[PDB]
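Undergrad: Quick one: experimental structure and sequence below.
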Amino acid sequence: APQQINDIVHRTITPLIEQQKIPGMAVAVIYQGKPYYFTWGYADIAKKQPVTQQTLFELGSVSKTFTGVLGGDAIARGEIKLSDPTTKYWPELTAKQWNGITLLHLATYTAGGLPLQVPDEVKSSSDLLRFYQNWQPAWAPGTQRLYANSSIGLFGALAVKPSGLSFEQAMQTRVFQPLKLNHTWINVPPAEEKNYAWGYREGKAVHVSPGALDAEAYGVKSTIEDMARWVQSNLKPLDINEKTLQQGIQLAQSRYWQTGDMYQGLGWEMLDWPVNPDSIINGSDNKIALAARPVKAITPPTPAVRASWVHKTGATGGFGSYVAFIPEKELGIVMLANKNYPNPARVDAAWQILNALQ
Ligand SMILES: *[B]([O])([O])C1=[C][C]=C(/[C]=[C]/C([O])=O)[C]=[C]1
């Protein structure tokens with residue numbers, strides 16, 4: 001890789017690994033449309049397996065970006081509309097609090113207070129229905145944003161309903177495959193277990209536990225190569241030959257709501273570039289990102305803005321990931337680690353690297 005990239009990457013990530021005690025890490029910088037990889041440490045401390053470009057990391061919530069696109073693809077196919085009420089695809093949802101709550105609200109965390117976590121006790125199709133029937137919105141729809149798995153996770157599940165495909169099958173067929181993300185999984189197959197890094201929490205090795213709507217909200221695992229490719233796809237969707245997917249990607253980067261200087265897309269979150277570091281850094285901390293906040297509707301939604309910083313953080317009990325890219329500069333970065341460390345440190349590192357390249 002050009003010495004410039006190599007130097008800024010190493011000057012930035014090295015102190016990060018030491019300060020945060022990150023066991024293993026992979027980074028990818030997309031510069032002028034070309035990917036450059038970097039790896040450090042361990043995928044498995046006990047078995048001394050190093051992190052390589054083939055190592056799989058839990059993406060955590062970055063999986064929400066895949067769900068936003070799959071959803072957008074469904075829209076481009078005319079299978080769903082964001083303006084359709086939730087009940088059009090789940091008539092069994094009869095509780096009156098649901099009238100007025102649209103797929104857009106589920107996709108954008110603006111239904112009125114759906115919780116972050118779906119309860120552990122919710123493990124079946126009937127439990128899920130009961131959970132949503134019983135939920136009580138604290139606010140009218142489309143007024144406040146509350147980042148939630150139970151919100152976009154339901155969006156993902158309802159969105160693939162007309163396809164007649166399972167969520168995993170829709171995702172494989174309509175997103176992973178066309179984009180050649182061949183080492184990206186919702187369920188890691190036996191043959192790939194050997195490249196599946198262990199997550200580290202409090203020094204103990206861990207892997208994400210199964211849960212309701214996990215595939216739709218935080219259940220994707222991937223390699224630094226597939227993630228770099230996922231970034232290039234979102235940077236330049238017009239290169240995607242599959243029509244509905246191309247649209248879908250564009251749709252996920254449209255601006256539906258604004259809160260502070262942040263705009264909510266489908267999965268992705270965007271800010272106008274040039275952007276202020278403190279604004280994206282302080283803004284990413286789990287004190288702002290998860291908090292209840294009023295939103296102003298963007299009527300109608302602004303189509304994907306090329307001069308934007310598009311990003312998303314992700315975390316599981318054992319993993320910390322981050323994706324950020326600037327379409328107008330053909331610039332992006334992917335940071336995957338098997339330790340869940342503070343969001344501000346990720347965004348800080350990512351900004352130091354990308355700013356240094358325009
Ligand atoms: B992201 O990363 O942000 C996320 C993921 C996951 C969660 C939860 C889970 C449970 O259930 O606990 C959150 C968030």
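TA: Received it, and whenever you're ready, just let me know what you need. Numbers count the residues shown, from 1 in each chain.
Undergrad: For residue 264, give its distance to residue 223.
TA: Going from residue 264 to residue 223 by C-beta to C-beta, to the nearest Å gives 28 Å. From N, CA and C alone the C-beta is placed, and that goes for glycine too.
Undergrad: go on, residue 354?
TA: Relative to residue 223, and taking C-beta to C-beta, residue 354 is found at 21 Å.
Undergrad: Same drill for the two, tell me which one is more crowded.
TA: Between residue 354 and residue 223, residue 223 has the larger neighbour count (other C-beta atoms under 10 Å), namely 27 against 22.
Undergrad: nearest residue to that one other than its sequence neighbours?
TA: Of all residues not flanking residue 223 in the chain, residue 183 sits nearest, at 4.8 Å (C-beta to C-beta, 6 or more residues apart in numbering).
Undergrad: Hmm, the one you found is touching residue 225, no?
TA: Yes: with contact defined as C-beta atoms under 8 Å, residue 183 counts as touching residue 225 (7.0 Å).
Undergrad: what residues are shared contacts of the two?
TA: Taking C-beta atoms under 8 Å, 6 or more residues apart in numbering as the contact rule, residue 183 and residue 225 both touch residue 54.
Undergrad: which residues in the stretch 151-300 of the chain form strands?
TA: 199-201, 204-206, 221-222, 255-259, 262-264, 269-272, 293-294, 296-302 (DSSP state E, counting those that start in this stretch).
Undergrad: Quick one: distance of the fifth one to the chain centre.
TA: Meaning strand 262-264. 14 Å (C-alpha atoms, centre = their mean, to the nearest Å).
Undergrad: again with the fourth one
TA: On the basis of C-alpha atoms, centre = their mean, strand 255-259 is displaced by 17 Å from the centre of the chain it belongs to.
Undergrad: Alpha carbons of that strand, in PDB - could you do that?
TA: What follows is strand 255-259, C-alpha atoms only, in PDB (Å, rounded to 0.1, in the frame of the first residue of the first chain):
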ATOM      1  CA  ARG A 255     -32.200  11.200   4.500                       C
ATOM      2  CA  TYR A 256     -35.500  10.500   6.200                       C
ATOM      3  CA  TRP A 257     -35.100  12.300   9.600                       C
ATOM      4  CA  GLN A 258     -32.800  14.700  11.200                       C
ATOM      5  CA  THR A 259     -31.800  15.000  14.800                       C
END
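Undergrad: Tell me the strands beside that strand, with direction?
TA: strand 262-264 (antiparallel), strand 296-302 (antiparallel) (DSSP bridges).
Undergrad: Cool, thanks, talk later.
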